[PDB]
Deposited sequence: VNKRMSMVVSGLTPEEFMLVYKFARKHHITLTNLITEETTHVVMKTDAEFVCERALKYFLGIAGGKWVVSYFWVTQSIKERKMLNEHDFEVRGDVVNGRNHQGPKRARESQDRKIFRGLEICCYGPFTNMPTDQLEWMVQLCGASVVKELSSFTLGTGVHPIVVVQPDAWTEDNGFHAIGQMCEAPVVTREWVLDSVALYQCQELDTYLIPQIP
């Protein structure tokens, strides 16, 4: 029926969400999952939040990604207000007005990574590899675990995703396969906007 997680709240703030939850009989969990219907973000007054993992996974799953004002306003009026009317407009990274949560909310047929094969390659910080994988697989990509496991042929498109920082060689990936190499920001920017970005900005230089 209805299930929520929260992001960027103080315990005090969390308490009000639980209050909201009890009142309306909304489920409340710590981990976002398949079932999660709602993601409550701490935003500023114009509905701009931090770019948190729950934010990415919420957009990726076509959920409601709603400002915490949905909660406090709904408590202030003893009624559950319009999820539509509080939705997140953007974030500190991708701009204050991009409206990706809704793009994703409606565009579940035209998924930004339809047709792609993605290998999240090497080591990653601030975000478990499997959650990034889950994220791209939620956006309609096929996940590959080994550079050598890419589906040779055409009609399909492989991409290697890395986070440069994380390694003590990421220019010498092209020596091991025939795919564009891009940074994690390709995915993250793409997911935040729910618009597949052009690799240009994100391509990493590969040695012959």
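Mapping the modelled residues onto the deposited sequence reveals missing stretches at 1 to 3, 172 to 174.
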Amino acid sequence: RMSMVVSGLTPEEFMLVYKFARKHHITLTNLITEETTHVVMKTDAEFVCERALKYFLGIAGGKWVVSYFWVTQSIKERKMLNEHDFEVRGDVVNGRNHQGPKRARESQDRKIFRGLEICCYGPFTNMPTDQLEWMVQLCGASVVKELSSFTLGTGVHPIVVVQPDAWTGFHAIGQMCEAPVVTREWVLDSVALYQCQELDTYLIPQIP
From here on, numbers count along this sequence of modelled residues.
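The deposited model assigns a higher average Cα B-factor to 102 to 110 than to the other stretch when 133 to 141 and 102 to 110 are compared.
Relative to its counterpart among 90 to 98 and 118 to 126, 90 to 98 has the higher mean temperature factor, C-alpha atoms as listed in the PDB entry. When the C-alpha B-factors of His171, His38, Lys42, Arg51 are read from the PDB record, the largest value belongs to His171. Annotation for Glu198: CA B-factor lies in the highest third of the chain's modelled residues. Ranked against the other modelled residues of its chain, the C-alpha B-factor of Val71 as given in the entry falls in the lowest third. When all modelled residues of the chain are sorted by CA temperature factor, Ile26 is found within the highest third. In the PDB entry, a CA B factor belonging to the highest third of its chain's modelled residues is recorded for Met2. In this PDB entry, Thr154 carries a Cα temperature factor that places it within the highest third of its chain's modelled residues.
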